[PDB]
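Have a look at the structure below, then the notes.
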Amino acid sequence: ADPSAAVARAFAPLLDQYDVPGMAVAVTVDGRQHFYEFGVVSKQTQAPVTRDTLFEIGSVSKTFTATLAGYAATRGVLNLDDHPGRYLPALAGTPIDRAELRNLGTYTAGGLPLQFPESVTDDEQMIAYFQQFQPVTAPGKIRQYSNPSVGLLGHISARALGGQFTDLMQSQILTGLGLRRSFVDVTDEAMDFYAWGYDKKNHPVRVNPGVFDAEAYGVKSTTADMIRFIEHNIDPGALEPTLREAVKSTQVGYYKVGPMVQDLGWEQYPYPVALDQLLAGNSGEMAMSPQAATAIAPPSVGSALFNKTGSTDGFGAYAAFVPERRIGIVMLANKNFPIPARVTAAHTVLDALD
Ligand SMILES: [Cl-]
Ligand SMILES: [Cl-]
């Protein structure tokens, strides 16, 4: 039940192998938290990574956006079967308005691309982009991983709840979950803890501003906070009912897509799971290309694993947990290094428990 030896074998070699300046890992095993840090937050300062170092989690942010959408749905300010035009009047009657909010959250809205075109740089251009978008397939049939897609779901969740996404996410979700060192906008105080990321040429970088950045990939967090978030997902029973249902809402499977099941936010697998099936579900093809999606009833009994990868130009992250086993792991790193290496390391550690 002690993950330390497995973490040292699985994670420590990664820094030299992928030229990663710094990395933080936390494992939870039946409520006991284990923290491991490697390397440095900055090549210039050489200050050590700690469990309180802020890293960009990239698309792991979509699990928080799903939680916000689940909070909105539990409150009844929105329904996942609604269409965008009920909340954004300028989108009523447009082709994307055939999609339901559930399709936006599962990347099945009709072929929204990975990223906005470079010409979309503000809210006006965002509205016009969605008005003009011509879907390449019917909703619910094709999964195409998409930042604009989950971005729009977060924008609509904020509009429904009657506030700014950043303020709602910070106050109702992050603070509500006890994540007091997690931010969409890092405060002046917490800035001292924010690592630098290191791009392909080893230049220090942080995530650039973009449309729907906060909504799709903009959270900064620490392993101390992210392991608490994972523990909420493992057992949300201690949460106040609104947040409890918001968390549970991210664990409902909606589509079978080959070896993986698509939730809002999380992606799920049976457990135990062969690493090969986890690698297949987390492949580059899965993230880059259209995949046939089959609507299913939610799987619900026995053991399941939930995960989400995330990256920015300078950072890489991975989170995975198994509620029935009360085990979970998060890795945050200040280099975007290959997802298969992240998944393999994390799977090896979880497999070594029991
Ligand atoms: Cl984008
Ligand atoms: Cl920031």
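When reading the values below, keep in mind they use all heavy atoms of this one structure, side chains included, and skip hydrogens, waters and symmetry mates. Along the sequence shown, residues carry numbers from 1.
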What is the minimum heavy-atom distance between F133 and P113, and which atoms define it? CE1-CD, 4.3 Å

Please tell me whether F165 and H155 form a close aromatic pair, meaning their ring centres lie under 6.0 Å apart. no

Taking 4.0 angstrom as the limit, do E189 and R181 come out as a salt bridge? yes

Decide yes or no for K43 and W196: does some side-chain heavy atom of the first lie under 4.5 Å from some side-chain heavy atom of the second? no

Would a distance-only check, ignoring hydrogens and angles, find a side-chain to backbone donor-acceptor pair under 3.5 Å from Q144 to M288? yes

Starting at CD1 of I329, measure out to CD1 of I227 and round the result to the nearest 0.5 Å. 7.5 Å

Spatial distance of atom NE2 (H34) from atom CZ (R51) [nearest 0.5 Å]: 11.0 Å

Can you confirm whether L152 sits close enough to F130 that some side-chain heavy atom of one is under 4.5 Å from a side-chain heavy atom of the other? yes

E37 side chain vs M23 backbone, donor-acceptor pair below 3.5 Å: no

Does any part of the side chain of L161, heavy atoms only, come nearer than 4.5 Å to the side chain of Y71, both counted from C-beta? yes

Distance-minimising heavy-atom pair for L54 and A190: CD1-O, 3.6 Å

Test log, rule side-chain contact (heavy atoms from CB on, under 4.5 Å), inputs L153 and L101: CA-CA 6 Å; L153 175 58; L101 307 185; 4.0 Å; yes

Are any of the side-chain heavy atoms of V60 and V219 separated by less than 4.5 Å? no

Hey, could you give me the OG1/NE2 distance between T250 and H232, rounded to the nearest 0.5 Å? 12.5 Å

In this structure, would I142 and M260 fall into the same cluster of hydrophobic residues linked by side-chain contacts under 4.5 Å? no

The single option from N79, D81, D82, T108 that satisfies side-chain hydrogen bond (donor to acceptor under 3.5 Å, both in side chains) with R102 is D81

Contact between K335 and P21 at the side-chain level, heavy atoms closer than 4.5 Å - yes or no? yes

With side chains defined as the heavy atoms from C-beta onward, is the minimum distance between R143 and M286 less than 4.5 Å? yes

Got a donor-acceptor contact below 3.5 angstrom from the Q132 side chain to the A128 backbone? no

Given side chains that start at C-beta, do those of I57 and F315 come closer than 4.5 Å, heavy atoms only? no

Residue among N334, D313, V205, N336 satisfying side-chain contact (heavy atoms from CB on, under 4.5 Å) with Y198: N334

How far does CZ of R180 sit from OG1 of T222, to the nearest 0.5 angstrom? 11.0 Å

More than 12 foreign heavy atoms under 6.0 Å from CZ of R325: is that the case here? yes

When you check the side-chain N and O atoms of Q291 and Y145, is any donor under 3.5 Å from an acceptor? no

Does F337 have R342 sitting over its ring (NZ/CZ under 6.0 Å from centre, angle to axis within 45°)? yes

Distance-only donor-acceptor check, side chains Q262 and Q268, under 3.5 Å: no

To check you understand the geometry: which heavy-atom pair defines the closest contact between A109 and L104, and what is its length? CB-CD2, 3.8 Å

For the residue pair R159 and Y87, would you count it as a cation-pi contact if the rule is NZ or CZ under 6.0 angstrom from the ring centre and within 45 degrees of the ring axis? no

Ignoring hydrogens and geometry, is there a side-chain-to-backbone donor-acceptor pair from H347 to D276 under 3.5 Å? no

Just by modelled atom types, is the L278 backbone N or O under 3.5 Å from a matching donor or acceptor in the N282 side chain? yes

N/O donor-acceptor pair under 3.5 Å between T53 side chain and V49 backbone: no

Testing the 3.5 Å rule here: is there a donor-acceptor pair between the side chains of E245 and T74? no

If only side-chain N and O atoms count, and only distance matters, is there a donor-acceptor pair under 3.5 Å linking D225 with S182? yes

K62 and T65: side chain donor to acceptor below 3.5 Å: no

I need the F306 CZ to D263 CG distance, nearest 0.5 Å. 5.5 Å

Where do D2 and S4 land on the side chain to side chain donor-acceptor pair (under 3.5 Å) test, with the steps shown first? CA-CA 6 Å; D2 188 340; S4 298; 2.8 Å; yes

Can you name the closest pair of heavy atoms from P236 and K248 and give their distance? CG-CG, 3.7 Å

Given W266, which of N233, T63, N307 fulfils the side-chain hydrogen bond (donor to acceptor under 3.5 Å, both in side chains) condition? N233

Do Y129 and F116 have ring centroids that are under 6.0 Å from one another? yes

Does CD in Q164 sit with more than 12 non-hydrogen atoms of other residues, nucleotides or ligands closer than 6.0 Å? no

Donor + acceptor pair across side chains of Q33, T28 (<3.5 Å): no

For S146, does its backbone N or O pair with a side-chain atom of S149 as donor and acceptor, under 3.5 Å? no

Dump the intermediate steps for side-chain contact (heavy atoms from CB on, under 4.5 Å) on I296 and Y254, then the final yes or no. CA-CA 6 Å; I296 67 181; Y254 287 111; over 6 Å; no

Under a single-linkage definition using a 4.5 Å side-chain heavy-atom cutoff for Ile, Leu, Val, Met, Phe, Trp and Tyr, are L275 and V273 assigned to the same hydrophobic cluster? yes

Exam field: side chain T175 to backbone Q170, donor-acceptor pair closer than 3.5 Å: yes

Common cluster, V247/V330, ILVMFWY with side-chain heavy-atom separation under 4.5 Å: yes

Please report the shortest heavy-atom distance between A90 and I127, naming the atom on each side. CB-CG2, 4.0 Å

Heavy-atom closest pair, residues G328 and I230: CA-CG2, 4.0 Å

Any luck finding a side-chain donor-acceptor pair between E240 and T242 under 3.5 Å? yes

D16 side chain to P13 main-chain N or O, any donor-acceptor pair under 3.5 Å? no

Transitive ILVMFWY side-chain link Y255 to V252, under 4.5 Å: yes

Would you compute the distance between atom OG1 of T121 and atom CE of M126 and round it to the nearest 0.5 angstrom? 11.5 Å

Assess whether side-chain contact (heavy atoms from CB on, under 4.5 Å) is satisfied between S59 and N147, documenting all intermediate values. CA-CA 8 Å; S59 278; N147 294 296; 3.9 Å; yes

Might you work through the side-chain contact (heavy atoms from CB on, under 4.5 Å) test for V25 and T223, ending with a clear yes or no? CA-CA 6 Å; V25 177; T223 50; 5.8 Å; no

Tell me, do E215 and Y217 make a side-chain contact under 4.5 Å, heavy atoms counted? no

Would the distance check show the side chain of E56 and the main-chain N or O of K220 forming a donor-acceptor pair, the cut-off being under 3.5 Å? no

Flag for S289-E285: side-chain donor and acceptor within less than 3.5 Å: no

Within the 6.0 Å centroid threshold, strictly below: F64 and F229: yes

